[PDB]
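Written out below as structure tokens is the structure these notes cover.
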Ligand SMILES: [Zn+2]
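Residue numbers (the authors' numbering), protein chains in the order written: chain B, 1 to 73; chain A, 18 to 72.
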């Protein structure tokens, strides 16, 4: 299923994911696509920073859900 | 009957809304969640800017 990841520059990244994917595995997909090391990525959905060992389904991330991404400086 | 009162029949799989009122409700809820997430992200960015500055 597709999800979108928006940055603070207005850029949106589309990812192909499954609800059982771990947050760590979504960070790897973002690194593959945008070059950002997983350790510099902070993901947000619904008022929460997303934790690496949890899944997209734990956060009710569904088809065409939009996450945000902030980078560690 | 659609619980928004548009006159169409509601679908129990759509929480009692008809198709059109359900899609409106879905879009509005995602728009609000996406705006609040953006505000949180700007707050996290400011926190990153402070920590980075402090070193
Ligand atoms: Zn209706």
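The beta-carbon is built from N, C-alpha and C at its ideal position, and this holds for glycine as well.
Quick one, which of the options has its alpha-carbon nearest residue i's?
{"i": "residue 21 of chain B", "options": "B/10, B/55, B/15, B/42", "result": "B/55"}
{"i": "residue 70 of chain B", "options": "B/48, B/61, B/57, B/25", "result": "B/48"}
{"i": "residue 3 of chain B", "options": "B/38, B/43, B/35", "result": "B/43"}
{"i": "residue 69 of chain A", "options": "B/65, B/72, B/39, B/61", "result": "B/72"}
{"i": "residue 46 of chain B", "options": "A/52, A/18, A/61, A/60", "result": "A/52"}
{"i": "residue 18 of chain B", "options": "B/29, B/11, B/10", "result": "B/29"}
How about residue i and residue j: do their beta carbons lie closer than 7 Å?
{"i": "residue 49 of chain A", "j": "residue 38 of chain A", "result": "no"}
{"i": "residue 52 of chain B", "j": "residue 16 of chain B", "result": "no"}
{"i": "residue 5 of chain B", "j": "residue 67 of chain B", "result": "yes"}
{"i": "residue 24 of chain A", "j": "residue 33 of chain A", "result": "no"}
Between which two residues does the beta strand (DSSP E) harbouring residue i extend?
{"i": "residue 70 of chain B", "result": "66 to 71"}
{"i": "residue 45 of chain B", "result": "41 to 45"}
{"i": "residue 4 of chain B", "result": "2 to 7"}
{"i": "residue 61 of chain B", "result": "Careful: residue 61 of chain B lies outside any beta strand (DSSP E) and carries neither H nor E."}
{"i": "residue 16 of chain B", "result": "12 to 16"}
Ligand 1 and residue i: does any heavy atom of the ligand fall closer than 6 Å to the residue's C-beta?
{"i": "residue 25 of chain A", "result": "yes"}
{"i": "residue 77 of chain A", "result": "Absent from the structure is residue 77 of chain A, since the part of chain A shown begins at 18 and ends at 72."}
What residue range does the alpha helix (DSSP H) around residue i cover?
{"i": "residue 26 of chain B", "result": "23 to 34"}
{"i": "residue 57 of chain A", "result": "36 to 70"}
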